[PDB]
Each structure stands twice: as C-alpha cells, then as structure tokens.
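Reviewing the structure listed below.
Every read-out reported here was derived from the displayed coordinates using simple, explicitly stated rules and does not represent laboratory data. Cβ placement follows ideal geometry from the backbone for every residue including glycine, while neighbour counts extend to all protein chains displayed.
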Amino acid sequence: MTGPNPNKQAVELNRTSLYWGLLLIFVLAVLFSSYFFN
Amino acid sequence: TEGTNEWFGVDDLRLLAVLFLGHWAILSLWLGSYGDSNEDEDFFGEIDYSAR
Amino acid sequence: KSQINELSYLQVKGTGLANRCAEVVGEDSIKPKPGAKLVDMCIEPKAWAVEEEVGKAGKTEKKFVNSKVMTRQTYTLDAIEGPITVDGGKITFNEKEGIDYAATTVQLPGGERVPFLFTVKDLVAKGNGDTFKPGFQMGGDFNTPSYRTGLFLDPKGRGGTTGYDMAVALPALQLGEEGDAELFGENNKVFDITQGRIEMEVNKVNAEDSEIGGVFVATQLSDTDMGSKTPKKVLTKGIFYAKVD
Amino acid sequence: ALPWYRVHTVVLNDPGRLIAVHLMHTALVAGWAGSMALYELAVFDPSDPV
Amino acid sequence: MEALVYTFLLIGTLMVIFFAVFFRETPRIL
Amino acid sequence: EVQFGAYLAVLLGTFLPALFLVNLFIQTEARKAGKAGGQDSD
Amino acid sequence: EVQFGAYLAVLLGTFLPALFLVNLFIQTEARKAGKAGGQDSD
Amino acid sequence: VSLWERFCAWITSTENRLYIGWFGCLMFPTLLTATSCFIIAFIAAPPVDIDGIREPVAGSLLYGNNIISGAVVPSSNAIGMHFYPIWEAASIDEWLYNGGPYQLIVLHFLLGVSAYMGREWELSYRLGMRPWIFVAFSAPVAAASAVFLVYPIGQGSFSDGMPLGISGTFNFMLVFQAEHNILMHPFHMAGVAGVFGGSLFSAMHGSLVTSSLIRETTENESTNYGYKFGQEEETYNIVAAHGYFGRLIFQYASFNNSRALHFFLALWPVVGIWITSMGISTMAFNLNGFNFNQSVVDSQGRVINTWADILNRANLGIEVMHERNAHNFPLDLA
Amino acid sequence: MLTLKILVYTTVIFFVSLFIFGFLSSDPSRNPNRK
Ligand code: CLA
Ligand code: CLA
Ligand code: CLA
Ligand code: CLA
Ligand SMILES: CC(C)=CCC/C(C)=C/CC/C(C)=C/CC/C(C)=C/CC/C(C)=C/CC/C(C)=C/CC/C(C)=C/CC/C(C)=C/CC/C(C)=C/CC1=CC(=O)C(C)=C(C)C1=O
Ligand SMILES: CCCCCCCCCCCCCCCC(=O)OC[C@H](CO[C@@H]1O[C@H](CS(=O)(=O)O)[C@@H](O)[C@H](O)[C@H]1O)OC(=O)CCCCCCCCCCCCCCC
Ligand SMILES: CCCCCCCCCCCCCCCC(=O)OC[C@H](COP(=O)(O)OC[C@@H](O)CO)OC(=O)CCCCCCCCCCCCCCC
Ligand SMILES: CC1=C(/C=C/C(C)=C/C=C/C(C)=C/C=C/C=C(C)/C=C/C=C(C)/C=C/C2=C(C)CCCC2(C)C)C(C)(C)CCC1
Ligand code: OEX
Ligand SMILES: [Fe+2]
C-alpha cells in the first residue's frame, strides 16, 4: 500500500431525497412495465 | 502411438533438446552461486550455515 | 504383406500398424480357379464424407463435406472370406465370413456427431471379365444392419426386444383414451436394414504371390437409432487388399 | 458531504486513482464483449447461411 | 437460457472468494 | 403470451436501484449518529 | 421445460438478501467513520 | 548478490502475501491448470463415451444440465488405463470424445494436492512451527488418491474412476456398493466412526469453550469482542469446563490437559480417514467386504434370511443394472 | 500434436528444475533459528 488518500469524502442522502428516488423508480417501473411485458 | 516403450515419452529427437536445455538452463543459474565453491570444507553439525 | 508377417506381436502393438492394410507390389494378371476362395480381404477407408446442405455463395445444393473420425483406430475390416464363383460373362464374389462390420463415428462442422456402421455384410461383387487385371473393377450391394441390436437399452430403459415401452418416470402420460400416443415414435424401437453400394477397383496384382489390392469407394446410409432421426448418406473412400489364393 | 451525483469527483485531484478507475471501465467493457460473444455462439445456428 | 443462471451463480461465488482472500480485514495486535 | 424476460426486467428494475437508494440513506443516518456520540455511535 | 417462476426465486433469493447484508456493512463503516471525526464524518 | 540467491530469497519469503515456497513451484502451475480446465469442461464440454460402446454421456452445462447432474465424465472404457494426453489424440475433437479432460484434471490435481501438502510443511519450517499439520492433511490426500488414482488402477481403467460431479458421485457410490459391499467392510465402518466421532468431538469441544467464556463484554455488544487479538490472557475458565464434563459423565473421563485434549481432536478423524482410504484401496483389488449371504440355516438346511440377505437383494438390484449395455458375459469381472 | 508436446516438456522441466535446484540451494539452513 501507500498512505491514506486525502481525497476521502462522505456521501449524503437526506430523507427528502430518498422519497424522490424511490418514487422515481416505481413510476418508471409502472410506466415501462407494460411495454416490456408487451 | 501411445503404448510404445520409449524413454520419458521421447517420441521424436526434438524433445531431447527441450529436456537438456531445461535442466541446464537452471543448473547454470544454480552454479552462479552454489557452484565454484570449495568442495573440501566440512562441518560436524547436522546442518551447515556456511555461506550464500 | 509378408513384411508385416516378419514382425512379432510386441513390435506391432501400440504403433497403429495393425489398423493399416497391406501394400501390394507390382501389376500382372491372375486367374481365379474353379474352387477359388478369397482369403484375406481387408478394407480400410482413408476419408469420410457426409452429405449435407452446404453454404455456397448463394445456393444450397447438397454436397459432401468431409469429417474427422473420432473413434480412434477401429475402422478397418479384416479376415473377410468368401468363394469366387465364375459366371461366364463376369467374375463374381460373394463374401461369407470375417469381421465385416466396424462401428465408427465422425464429426461434422457444427459439432454434430454422426455414428455409422461401416460394413460389407452380404456383398455381391460383379466385375468385368474373368481374370483380375489392373483395369479390373468390381462392385455391388451390401446390407447394412442396424447400428444397435434390438436389446439395446436407451437412457429410459426401452429396447426393441427388451426393456419397457413407456416413459418410465412419466407415469401420468398414459392417462386417457389417447394414452402416450403423442410420443409413440420414441417408444416403438424398429430394427432397420438399409442398402449400401461399394465400388472396388483392382490396380496392382501379384501373381507369384496371388495377392491383389486397389482403391475402392463405398456409399451407405448412417444410423437412425431405430427411427429416432432421419439417417444421412455417408460416402467414404480408401484402399483395400486381398489374397486371391 | 458529497451528493450522490458527485461521488466520483474524488478522482479529480488524484491521477493515480484516475487510472485505476479508467482501467475498471475498461475491464467491464472488455468483459462485456467477451461475454456477449460467448452468449451469441450458444444462440447462433450455422445450418443455412443463405 | 437456463444454463446462463448456473454460470452466473458459479463465477459470482468465485468473486466473493477472491475478495475474501485479498481484501480481508487484516487483524492487528494493539 | 408475454415475454418472460420482462419479469426480470421490471422486478430488478424496481428492486436493484431502489435498494441502492436505501443504502445511501442508511449510511447517511449512521454518519449523523456516528458523530453525535450518544448511545448509538459505538 | 422449466418453471418460469424459478428465475424470480433464484435471482431475488440471491440479490434481495445479499443486498441486505451489504447495507449492514456500509452503515457499520459509516458509524466508525462517523465517530472518528476526520475528513469523512461531516 | 547473485540472481539465484535473489530468487531463492523471494520464493521462500514469508513476507509474501501467500507463501509460495519450493512446493508452490509445482503446486500453482498444477492446480491452476486443473482449475482452468475444470471450469471449461464443466461448463462447455461435449458428451463423452464412458462405457466405450459409443453412447456418449452428456456432462456439461451447455448440453442441458445443472449443478447437480453436470459432471466431468471419466475417460472411456476403450482407453482404460492408457495415458491419453492431448498430443496423443490426433485432434482435440478425438480427445474430447474419448474422455480427454478427465485425465488432464485428475493428474494435475493429484500433483497439486500432494504439493499443497508439502507446502504446508515448508511454511511450518520457516515460521518456527512444529511441523505436522501436513500429516493431518494426508488423510484427505489418501482419500483423493484412492478414488481417482488407486481405484482406477486396480480395476484397470479410469472409466471406473470417480466422476467429477455431484450426481456422478452417487453413481460412483452405489455401483461401488453392488460390486464391493463397502458397508460391511470394516474400514468404512472405521471412518463412519471417524466422522461421526469427529463431528461429535468438534461440537463437544466447541461447546465447552463457548460455555465457559469469561465476562469481558456487555449484553449489548457481541460475545466475540471479549477476545482481543494477540492477547496473552486465557479467554475461558478451563477449570470450569473440566468440572462440568467431570460431572456430565464421570470424573475420570475428562481431559484436564488441554494439549492432550487438542491432540485427541486430531487423532480420531485422521486415523479414521487413513483407515477408510485404505478400504477403497484394498477394495480396488477386489478384496471386498464381508459376505454373510445364506449364512443362517435350519437343521433341515433351508436358508433362513438375515438382514444381510435383505442387503444382498439391494446389491443385486444395482449389480444387474449398472452399465446396462456394457456387459456381454455373465460375471462383472470389471 | 507434436507442437503442443514440445511446449509441455519445456514447462514441466522448467518448474521441476526449480523444485530440484530449490532444495539443493542449502534449504535446511533457511529457518528462523539462525541464518
Ligand atoms: C465520457 C463520459 C463522462 C465522464 C467521464 C463524466 C464524468 C463526470 N461527470 Mg458527467 N456527464 C456525461 C458524461 C460523462 N461524465 C454525460 C453524457 C452527461 C449528460 C447526461 C453528463 C452529465 C453530468 C452531470 C449533470 C453531472 C456530471 C458529473 C460528473 C462527475 C461525477 C460523476 C458522478 O458523480 O456520477 C455519479 C453517478 C452515479 C453514482 C450513478 C449514476 C447512475 C446513472 C444515471 C445510471 C446508471 C449508469 C448506467 C449503468 C451506465 C450505462 C452505460 C452507458 C453510459 C453506455 C464526473 C467528472 C457531475 C459533476 O459535474 O461533477 C461535479 C454532475 O453533476 N455529469
Ligand atoms: C510444472 C508442473 C506440472 C507438472 C508436474 C505437470 C505434469 C503433467 N502434465 Mg502438465 N501442464 C503444466 C504444468 C505441469 N504439468 C502447465 C503449466 C501447463 C500449461 C501449459 C500444462 C499443460 C498440460 C497439458 C495440456 C497436458 C499436460 C499433461 C501432463 C502430464 C504429462 C506431461 C509429461 O509428459 O510430462 C513430462 C515429464 C517428464 C519428461 C519427466 C520429468 C521427470 C524428471 C525427469 C524427474 C525424474 C528424476 C529421475 C528419475 C532421476 C533419475 C536418476 C538416474 C541416475 C536413474 C503430467 C501429469 C498431459 C496430460 O496430463 O494428459 C493426460 C497433457 O495433455 N500438461
Ligand atoms: C508424496 C509426497 C511427498 C511429500 C509431501 C514429501 C515431503 C517431504 N520430503 Mg519426501 N519423498 C517422497 C514423497 C514425499 N515427501 C518420496 C515418494 C520419496 C522417495 C522418492 C521421498 C524422498 C525424500 C528424501 C530423500 C528427502 C525427502 C524430504 C522431504 C521433506 C522436505 C521436502 C523435500 O526436499 O523433498 C523433496 C520432495 C520429494 C523427494 C518428493 C517429491 C514428491 C512430489 C512433489 C509428488 C510425488 C511425485 C512422485 C513421488 C515423483 C514421481 C516422478 C516420476 C513420475 C518421474 C518433506 C517432509 C527431505 C527431508 O527433509 O528429509 C529429512 C529429504 O532429504 N523426501
Ligand atoms: C450414514 C452414512 C454414511 C457415512 C457417514 C459415510 C461416511 C463416509 N463414507 Mg460412505 N457410504 C455410505 C454411507 C455412509 N458413509 C453408503 C450407504 C454407501 C453405499 C452407497 C457408501 C459408500 C461409500 C464410498 C463408495 C465411499 C464412501 C466414503 C466415505 C468417507 C467419506 C469421507 C471422504 O471422502 O472425505 C475425504 C475427503 C476427500 C475425499 C476430499 C479431498 C479433497 C482435497 C483434499 C482438496 C479438494 C479441494 C477442493 C477441490 C477445493 C477446495 C475449496 C476451494 C474453494 C479452495 C466417510 C468415512 C469414501 C471413502 O471410503 O473414502 C475415500 C468412498 O469412496 N462411502
Ligand atoms: C433395586 C432395583 C429395583 C433393582 C433393579 C436394579 C437397578 C436399580 C438397576 C438400575 C441401574 C442402572 C441401569 C443404572 C446405571 C446408570 C447408567 C450408567 C445408565 C445409562 C446407560 C448407559 C447405556 C450408559 C452408557 C453410555 C455412556 C454414558 C457412555 C459415556 C461415553 C464416554 C465414556 C465418552 C467419553 C468421550 C470423551 C473421551 C470425550 C472427551 C473428548 C472431548 C473432545 C470432550 C470435550 C472436552 C472435554 C474436557 O474434558 C474439557 C476439559 C474440555 C474443555 C472439552 O472441550
Ligand atoms: C486384548 C489386547 C489388549 C490391548 C493390547 C494393546 C494393543 C495396542 C494398543 C496401542 C496403545 C497405543 C498407546 C498410545 C498412547 C498415546 O496415544 O498417548 C498420547 C496421549 C498421552 O496421554 C497423556 O500423557 C501424559 C502423561 S505421559 O505422556 O504418558 O507420561 C499426560 O500429561 C496427559 O495428561 C495424558 O493425556 O494420550 C492422549 O492424548 C489421549 C489419546 C489417547 C489415544 C489412545 C486411544 C487409541 C486410539 C483411538 C482409537 C483409534 C482412533 C480411530 C478409531 C476410528
Ligand atoms: C448497472 C447498475 C445500475 C445502476 C442503477 C443505480 C442508480 C439508479 C438510481 C439513481 C437515480 C436516483 C435519483 C435520485 C433522486 C434524488 O435523490 O434527488 C435529489 C437530487 C439532488 O438533491 P440535493 O442536491 O438536494 O441532494 C442533497 C444530498 O444530500 C442528497 O442528494 O435531485 C436530483 O439529482 C435531481 C432531482 C431528481 C429527483 C427526481 C425528480 C423527478 C421526480 C419523480 C418523478 C416521478 C413522479 C412522476 C409523476 C408523473
Ligand atoms: C473492485 C475495485 C473497484 C471497484 C469497481 C466497481 C465499483 C465496479 C463497478 C461495477 C459495475 C458497475 C458493474 C456492472 C455490472 C453489470 C452487470 C453485471 C449487468 C448485468 C445485467 C444483465 C445481464 C441483464 C440481463 C437482463 C435481464 C436480467 C432481464 C431482461 C434482459 C436483460 C438482458 C436486460 C475500484 C476500481 C473502485 C477500486 C479497485 C477495486
Ligand atoms: O466400467 Mn465403470 O463399472 Ca467397474 O464393474 Mn465392470 O467395469 Mn464397468 O462394469 Mn461394473
Ligand atoms: Fe479448542
């Protein structure tokens, strides 16, 4: 190895942006399912 | 020809030059350190710690 | 040859020599006697070809692609006996005994494995003239038996003369008036006999040694596993050798 | 404190890990083209190329 | 189509064997 | 007749990205509970 | 002929519990980086 | 200073990630070739004539198998005991038909496992350890060489060797039962006692340590975090677990010595698998197990059945059905 | 098929010779006791 990277950061996702990203996936799953099942 | 009674499976003459150049190419590496040493230096141990 | 007969058994084994037919030396004529009986006819094919649908530039006419044999050195026939009867117009041969079948398997492009029984059983040869000559050329029909004798058991355990006759681990197929008649073809095992046409051609004879040998060409039909598939036409070529006595 | 759409910007001031990342995209592109072509040979049928 | 799942389970099992040997949490005294 | 690869498209198109977004939230709350130093940091 | 509900059994039997065990590890390392107070806690 | 001394210093260095050693010079090339051929032959390999009757048995995944049924098929009955490498096969298609990769995998396996065993010796020498972990590993090396090497030798063919698979294992065990009667043989009896006993004393020793752990944690955190790595304090009251088992059976049946205790855990399985692997070996040369068929008779002389006669009728069912086409003559001499 | 065969005898007696001349390289003296 070498030394520890000084470019370590942390990732954040608040409770607000969770519900956006969940609803984004389910609505895209509702929309595109009917075409994939054909 | 499988069940021929030939030495080390050497079917053709070309496979010998493979064997001789394999043992000797590492033998010559080995003689670069453990060769050309004194063949007349003893010990009364069970194990020798002479040199490299 | 007699050169092969010089060797002992330990010098031949493992060398692939016993597979190969002899090489007859020189050309002359030999006349078959009244009681003439053929002694050591061996047949060995050197090339195989299976009739397929070939991919030409724009067309798909049937042509022979060759194939690589995968059973190793077990293809040669040997020790084939038979009397040489003299009809007036044409000398004839009818084989009687000897090892006259050699099962083998060749592989096509694509990975398909085609087994076929290579045989000369019940051969009726007919050739021009009476005496064997370097221009002599005989041939005729032979009967191919099936590749499997009827007591062969398939993976489910079904044969023609033994075994079950229904899908033994599918017990709900024989329910109803129809039964299992949808898969009827894979239950009925039918022993099949087809025809084959070999064409031999003597070109080198010894008369001082009474042994002939030349090039043949044989066509026959591959196996079907008792009606499991459509068999395919198999052409082969090679060299033979015979002792006319 | 990076958002989820800025997580891969830790490689801006790091040339040594700029390569290790660019090698990992390469190991996925090359592994695709190998495993796609293995998938296509199980599906291809050279019975009639006409 | 069926054997594609079996292959993915096998090489996927050999991945986590690779990461367990080389990226192991190295134990340290003190 | 429907395509049987669409069940794998939809149910992994739901679950795999949605389980991803849950993970970024759980480690967000763990860092906030990590710094806070009381009863949950460990 | 195979059962087409087995793809959903296996590929969710892999992914859903295995993505669960990843989450318990990521929040474990986030709490350790949360308390540590240097460059990653935030 | 020399190039060889700078290479011997690296190849015997314990400072490597994995110790290579001089046995790794022929462990790693052998086992990576046994591996890389196994993965290909298990996934993509055409069917194999095993019975020598030109009935090819499918064994790979691309030819419609699964994890359970798929297997690297042993070599042909036509080959038998002959050495069959790639260069003595005239094409790879002729090699894969006749059971090629079974000999390439097995022979590079038994060299690599007998070199993995010597590698466990070597690192014990360079670390200052007493040497004999590799003697405990002799017991699965004895058993691996019994079903892949010794049993094909005495039966005269690799086709009787063990198929590299899961369903092929149970084809191997059942056919070995009908032809050799392994269950009545006292060396399978001495290793069933080796692994039933081995799994007993494993879970019996592992419970008495975990029972007598010392308080070092709280009830919230894990039990395992009361052991700091490399500590010098003993992590369990061994007097406590001795007084428990000293009352659970009686007093004199308990090892107070932890060294003699941890030796008996290594004795019992390893001796049980040495003896078992020389059961397959002595049954490779057709010295079968016991045969008590028609042993109990009345005074009239009629045969009275026993449990061995019921066991015989199970052996007769497998004997008349194994290799159902390969036989032509009334006695399975092979 | 006689080109592959040449390649194997190279690779075998390469590593076999590393094995043979490995233990001839004063191998008992390579212990943590002394030297
Ligand atoms: C050559 C290609 C390339 C490269 C190397 C980058 C590199 C970068 N972009 Mg950029 N970008 C690109 C193309 C590229 N971009 C294109 C084409 C667009 C238009 C869509 C954008 C739009 C864009 C925006 C709007 C932003 C960036 C940002 C960034 C930075 C961080 C990326 C990040 O955090 O994402 C992390 C991404 C994830 C954690 C998940 C993304 C999930 C995606 C949407 C779906 C999954 C991807 C899918 C599997 C890919 C299939 C392959 C397909 C590309 C063929 C980084 C410097 C950010 C930036 O400016 O840095 C400060 C930013 O805000 N990019
Ligand atoms: C280095 C480790 C190693 C070892 C031990 C083997 C061993 C073997 N391989 Mg393998 N192989 C290896 C690496 C190795 N392989 C690698 C890295 C590859 C990838 C290229 C392969 C690829 C490969 C293939 C593709 C095949 C083999 C095959 C074989 C077998 C026969 C090969 C042969 O003729 O050996 C040559 C051996 C010798 C000439 C003998 C050397 C022994 C020396 C001379 C020591 C003896 C000392 C002597 C007795 C002292 C006498 C003193 C005197 C005074 C009397 C054999 C089990 C074949 C096989 O298994 O087919 C079934 C086969 O087809 N191998
Ligand atoms: C089954 C494998 C095996 C293993 C793991 C060991 C392990 C050991 N042997 Mg040993 N040995 C063995 C078999 C084995 N032996 C056999 C069969 C013989 C008789 C030929 C010997 C003769 C022998 C002597 C004379 C010496 C050792 C020594 C040693 C120790 C150090 C390693 C060393 O330098 O030996 C080198 C390794 C060998 C000699 C055997 C190599 C075995 C290979 C890896 C696998 C088996 C292949 C087969 C036997 C070779 C056939 C070749 C042919 C096909 C061409 C170690 C405990 C040394 C020691 O410490 O003694 C105190 C020592 O001086 N051994
Ligand atoms: C209650 C039922 C019972 C029990 C407990 C046993 C117990 C046993 N039987 Mg038995 N048996 C039974 C019923 C039973 N039998 C019945 C009913 C039959 C008749 C069908 C048989 C027929 C039978 C046969 C025919 C054989 C046994 C054998 C055995 C032994 C297996 C141990 C073994 O092979 O490990 C030893 C370990 C190995 C073989 C593995 C070696 C693995 C090497 C070292 C490394 C491999 C590494 C691997 C590739 C990769 C590692 C992981 C990687 C990611 C790094 C054991 C004593 C076997 C035997 O006698 O011993 C040989 C055997 O051949 N039995
Ligand atoms: C008066 C009237 C009415 C008349 C009738 C007469 C009458 C009264 C009759 C009744 C009498 C009657 C039958 C009573 C007898 C009672 C009796 C014994 C009945 C039970 C029957 C029976 C079959 C018992 C025999 C079975 C038995 C219990 C066998 C014991 C087996 C045995 C000796 C095992 C030892 C194995 C062993 C060596 C284990 C140690 C190895 C091991 C890894 C242990 C782990 C371990 C051990 C340690 O040591 C310590 C330290 C630690 C750390 C540790 O890990
Ligand atoms: C009708 C015929 C009658 C029988 C004839 C005899 C035939 C041959 C019998 C062979 C006897 C061999 C004696 C070996 C002694 C020995 O092992 O000591 C090793 C130590 C010494 O004891 C330890 O010894 C130490 C004292 S001292 O070393 O002994 O001085 C002491 O510190 C320590 O506490 C103590 O545990 O003992 C132990 O650690 C316990 C293991 C005992 C193993 C012996 C049981 C036999 C093997 C089990 C059966 C096979 C297993 C597989 C079965 C499938
Ligand atoms: C092969 C591997 C497959 C990889 C797939 C994995 C990645 C998949 C998921 C990533 C995308 C996640 C999007 C997160 C979303 C997210 O977290 O939002 C938050 C994000 C930015 O938020 P901030 O900058 O406030 O973030 C602060 C940080 O603390 C957290 O981000 O917003 C966006 O990036 C743009 C807004 C998109 C928000 C969606 C708007 C559309 C609303 C939904 C519309 C549907 C309803 C329609 C009704 C008609
Ligand atoms: C380790 C490492 C790392 C990391 C890496 C990463 C992070 C990676 C990524 C990865 C990725 C990112 C991956 C991806 C992958 C993907 C895939 C694998 C996919 C697949 C898919 C599929 C196959 C699909 C299919 C389908 C279905 C299912 C249904 C329908 C149809 C289809 C076809 C669509 C780094 C460099 C940092 C560092 C060093 C080391
Ligand atoms: O190869 Mn496998 O199994 Ca031994 O027995 Mn004889 O050989 Mn065959 O029969 Mn039964
Ligand atoms: Fe213990």
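Some values worked out for this structure:
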quantity: Inter-centroid distance (Cα atoms) of the stretch H:229-306 relative to the stretch H:112-173, Å; calculated: 22 Å
quantity: Qualifying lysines (Cα of each under 21 Å from Cα of G:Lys32; at least 8 residues distant if same chain); calculated: A:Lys8, F:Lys32, F:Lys35, H:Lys228
quantity: Compactness of chain B - radius of gyration and Dmax, Cα, Å; calculated: 18.5, 54
quantity: Helical segments meeting 30 Å axial Cα length and Kyte-Doolittle 1.0 threshold in chain H (DSSP H); calculated: H:258-280
quantity: Links that overshoot a 32 Å alpha carbon limit, given the list C:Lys96/C:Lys133; C:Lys62/C:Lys126; C:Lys37/C:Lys237; C:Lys56/I:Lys5; C:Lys90/C:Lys237; calculated: C:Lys56/I:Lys5
quantity: For chain C: rounded, prolate or oblate by the Cα gyration tensor [a/c cutoff 1.5]; calculated: prolate
quantity: Within-13-Å neighbourhood charge of C:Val86 [Cβ basis; K, R +1; D, E -1]; calculated: +3
quantity: Diffusion constant of the stretch C:99-245 at 25 °C, which comes from Stokes-Einstein with the Kirkwood Cα-pair radius and 0.890 mPa s, µm²/s; calculated: 135 µm²/s
quantity: With Cα atoms, 0 to 90° folded angle of helix B:14-30 axis to chain B main axis; calculated: 10 degrees
quantity: At 7 Å out from Cα toward Cβ: G:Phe20 inter-copy label distances (nm, ascending); calculated: 2.2
quantity: Nearest-ten-degree value, helix G:6-36 long axis tilted from longest Cα axis of chain G; calculated: 0 degrees
quantity: Convex hull projection area averaged over all views, chain D, Cα basis, nm²; calculated: 6.0 nm²
quantity: Potential extension, G:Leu21-G:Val2 segment - 0.36 nm per residue separation minus Cα distance; calculated: 3.9 nm
quantity: Residue order, fewest to most surrounding Cβ atoms within 10 angstrom, among I:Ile6, H:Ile68; calculated: H:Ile68, I:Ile6
quantity: Overall dimensions of chain H as given by Cα atoms, namely Rg and Dmax in Å; calculated: 25.6, 90
quantity: Kirkwood Rh, Cα atoms: Rg over Rh of chain G; calculated: 1.39
quantity: Loop trypsin sites (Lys or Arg not before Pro), the stretch C:1-80 (other Cβ atoms within 10 Å of the site Cβ: 11 or fewer; DSSP); calculated: C:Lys56, C:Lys59
quantity: Cα-Cα pairs of the stretch H:118-247 separated by more than 25 Å (percent); calculated: 56 percent
quantity: Helix D:16-43 axis, angle to chain D major axis (alpha carbon atoms, nearest 10°); calculated: 20 degrees
quantity: GNM top mover of H:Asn220, H:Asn293, H:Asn256 - chain H, alpha-carbon springs below 10 Å; calculated: H:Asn220
quantity: FRET efficiency for B:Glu41 and H:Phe170, using Cβ-Cβ distance with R0 set to 60 Å, rounded to 0.05; calculated: 0.45
quantity: Selection from H:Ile86, H:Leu149, H:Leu200 lying farthest towards where the dipole of the stretch H:82-218 points positive, charges on Cβ; calculated: H:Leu200
quantity: Global geometry of the stretch C:1-106, whether rounded, prolate or oblate, following the gyration tensor of its Cα atoms and the 1.5 cut on a/c; calculated: oblate
quantity: Charged-residue dipole, Cβ positions (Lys, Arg, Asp, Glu), the stretch C:44-97 about Cα centre, Debye nearest 20; calculated: 420 debye
quantity: Sites matching trypsin sites (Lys or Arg not before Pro) across the stretch H:186-268 that sit in DSSP coil, with at most 13 neighbouring C-beta atoms within 10 Å; calculated: H:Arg215, H:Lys228
quantity: Residue-averaged 222 nm ellipticity for chain H, from DSSP H runs of 4+ at -39500 (n - 2.57), nearest 500; calculated: -15000 deg cm²/dmol
quantity: Within the stretch H:46-198: Cβ-based charge dipole about Cα centre, in debye rounded to nearest 20 (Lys, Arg +1; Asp, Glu -1); calculated: 640 debye
quantity: Sparsely packed GluC sites (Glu not before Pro) within the stretch C:97-190, loop by DSSP, other Cβ within 10 Å at most 11; calculated: C:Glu97, C:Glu177, C:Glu178
quantity: Ranked C:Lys229, I:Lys5, criterion: other C-beta atoms within 10 Å, fewest first; calculated: C:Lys229, I:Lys5
quantity: Quarter of the Cα convex hull surface for the protein assembly as shown, i.e. its orientation-mean projected area (nm²); calculated: 60.7 nm²
quantity: Net lengthening on full extension, H:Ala266/H:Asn305 (0.36 nm per residue, minus Cα-Cα); calculated: 9.9 nm
